[PDB]
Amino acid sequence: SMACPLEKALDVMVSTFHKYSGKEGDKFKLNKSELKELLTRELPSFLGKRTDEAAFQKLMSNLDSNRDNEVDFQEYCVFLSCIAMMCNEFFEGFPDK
């Protein structure tokens, strides 16, 4: 847990996904309803107030690459990687350098 923080990160990546994907419908994929709870309860700093729905449909449409109205674990990792790639750039001072 503490002796390997990078391992604990991969745990909460798989567990947080299934924390909501199994609430309704396909137990292995996130619908628009489950994508809303996961981002709200687990990534609160990312959203802010938000709740524009249309932008949520845009976010749901951008993540859903295969166009099946769901977010599988593949697209779930791409979205997290895109956020981490930004956290890396702003660590290097993107808007100020």
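Here, rigid core means the biggest group of C-alpha atoms that superpose within 1.5 Å across both forms. Throughout, we count residues from 1 along the sequence that is shown.
Student: Fit on the core, then compare CA atoms: does 83 to 91 or 21 to 29 lie farther from this form in 5 other deposited structures of this protein?
Tutor: Clearly, after the core fit, the stretch farther away in 5 other deposited structures of this protein is 83 to 91.
Student: Please pick 43 to 51 or 62 to 70, whichever has its Cα atoms farther from the shown form in 5 other deposited structures of this protein after a rigid core fit.
Tutor: Taking the RMS over all superposed structures in 5 other deposited structures of this protein, 43 to 51 lies farther out.
Student: Of the two stretches 49 to 57 and 35 to 43, which shows the higher Cα B-factor on average in the entry?
Tutor: Comparing 49 to 57 with 35 to 43, the higher average CA B-factor belongs to 49 to 57.
Student: Higher mean Cα B-factor in the deposited model: 17 to 25 or 76 to 84?
Tutor: The stretch with the larger average C-alpha B-factor is 17 to 25.
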